[PDB]
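Q: Sharing a structure, written as structure tokens. Questions coming.
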Amino acid sequence: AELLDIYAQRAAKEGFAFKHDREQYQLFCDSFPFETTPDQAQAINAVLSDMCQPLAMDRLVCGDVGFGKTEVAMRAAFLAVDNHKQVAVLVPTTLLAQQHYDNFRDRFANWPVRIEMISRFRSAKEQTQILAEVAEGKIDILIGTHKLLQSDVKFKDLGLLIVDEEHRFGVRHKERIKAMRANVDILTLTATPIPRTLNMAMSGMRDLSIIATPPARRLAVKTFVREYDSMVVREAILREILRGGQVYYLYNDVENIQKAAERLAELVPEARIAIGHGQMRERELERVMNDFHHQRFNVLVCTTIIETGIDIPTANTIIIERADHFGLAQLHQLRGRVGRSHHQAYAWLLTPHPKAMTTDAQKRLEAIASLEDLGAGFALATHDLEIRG
DNA sequence: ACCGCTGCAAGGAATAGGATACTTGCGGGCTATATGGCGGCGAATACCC
RNA sequence: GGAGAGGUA
DNA sequence: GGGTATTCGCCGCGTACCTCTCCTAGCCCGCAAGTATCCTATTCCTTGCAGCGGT
Ligand SMILES: Nc1ncnc2c1ncn2[C@@H]1O[C@H](COP(=O)(O)OP(=O)(O)O)[C@@H](O)[C@H]1O
Ligand code: BEF
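For what it's worth, our numbering labels the leading residue of the first sequence as 2, then goes sequentially.
Put into structure tokens, the structure is as follows:
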């Protein structure tokens, strides 16, 4: 009955056709100072052909982290601004939202087009101005979190929508963003699908694509599943400090993180530490993110806001503290978030007492330890299927 | 004497764990179709006048 | 209490 | 009617003792036990409205 309200098998849509100029797109390729992997090229060809088709997309590009997936979005946005179709981008954070903001600014500091962000960082006074500008269409590239899906943003011609890290998103988020215009091209970027989406990809009802081709210098990431030792963490911190890198410290607490920062400072007097949590006024958060870009302090304690990831090649090691309750997707994503460089990264994993571990925690840890190699996220997602169900 | 700010609830994503509705085999409690034995004898038909 | 089987004189 | 033959069915078949076993069938409804499921918590994130210093 619900579908009979639409009077179609999800088929009342006619879609849209994009026009691409081969020379213009080739010029944008020239503005990209890199060479894409063959599977990245295949994904580019598939997405460009699909948008050239007069139908709307729902395409999964589920490849492992560190495979330059974002550049596919960069080129999609370039072809969107070629048509001037008011592209919007969604990510469930502010850190990676800022990362995408600056990346798009870099991609379009040569191409005349307007890129901006709308999130908690912006004041409402300028949020209203952003909404007015996107109502008149003077803005083409917007980056922001769920503020857009609050029945407040107005688009003269909403023609392209982008979503990153489909995981951690509840249902009806995609429906709320779809409600505005049916024939918009949906580009679903992600690192790992949740079981339902992966099963639907298997069904073939949604377009799917995989990029099993890592960059040249992306060597593996070492992993070490160890019991709670206060010395391995210190010596690994020193190992990366002598290397000249940044350590990602995970503890997953917003109360004892304060004490833990000074505790690990006493453990490692050589370490310069900043304190990070999502319950902060965000001014010092962006300031210390800038500091991290400058690597003035080495090791950062943080909650799961780090999961989205703005990894710098300088960072080459992650030490966690809680290893009893974390999903396999998160484990693999934070494993692969490190790197983007020629240098061998590391992933030091700290576990509390083995007998305090429940059976499922043992299964998760043994599974993540069993597999350690490139192109491991997709197979890990397949294994997570039949586990989470 | 008006305002933008902080802060304090309401609703999304990840784990453990008891309650409790659901399913099942029973134990006692109850109700309701033959075929290898003769002999004697008296009554009951059959019969053919 | 009643049936069935075997046995003794 | 009547004297007769033929058939049908009922009646009957020793006394005393010892050992052993087994004695209605089937349905049905309460009921004990065992279980899969559903609601109950914890941790993270991003909103929406009421106080509130400050001027
Ligand atoms: N084929 C390649 N060769 C060398 N470096 C690459 C290649 N593809 C991507 N990179 C680099 O690796 C980084 C990966 O970042 P990102 O696009 O966020 O990857 P992912 O989205 O998979 O995490 C990019 O910033 C880019 O500079
Ligand atoms: F979206 Be990614 F993994 F940078």
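Just so it is clear, CB atoms sit at the ideal spot from N, CA and C, and this is done for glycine as well.
1) Spatial neighbours of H344 within its chain, please: CB distance less than 7 Å, with the 5 preceding and 5 following residues excluded, ordered by chain position.
2) My assumption, with CB atoms under 8 Å, is that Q247 sits in contact with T315. Please give the rounded CB distance.
3) Give me the residue from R284, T71, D292 with the minimum Cα distance to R121.
4) Tell me which same chain residues have a C-beta within less than 6 Å of the C-beta of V234, skipping the five on either side of it?
5) How is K175 classed by DSSP in three states: helix, strand or coil?
6) Applying the criterion that 16 or more other CB atoms from any shown protein chain within 10 Å of the CB defines a buried residue, is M52 buried or exposed?
7) Considering only the alpha carbon of each residue, which of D385, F79, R288 lies closest to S32?
8) Going by C-alpha distance, which of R341, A221, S50, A180 is nearest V154?
9) Please report the distance separating the alpha-carbon of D158 from that of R182.
10) So, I119 versus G145, is the Cβ gap smaller than 7 Å?
11) At which residues does the beta strand (DSSP E) containing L150 begin and terminate?
12) Measuring only from the beta carbon, is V66 closer than 6 Å to any heavy atom that is part of ligand 2?
13) Taking 6 Å as the line, does the beta carbon of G69 fall inside it for any heavy atom of ligand 1?
14) Taking the alpha-carbon of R365 as reference, which of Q43, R389, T37 has the nearest alpha-carbon?
15) So, is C63 buried or exposed, given that buried needs 16 or more other C-beta atoms within 10 angstroms?
A: Let's see:
1) So the qualifying residues of the chain are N317.
2) Right, their Cβ atoms sit about 5 Å apart.
3) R284
4) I320
5) helix
6) buried
7) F79
8) The shortest C-alpha separation from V154 is found at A180.
9) 9 Å
10) yes
11) Run containing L150: none; DSSP gives neither H nor E here.
12) yes
13) yes
14) The closest CA to that of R365, considering only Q43, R389, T37, is found on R389.
15) buried
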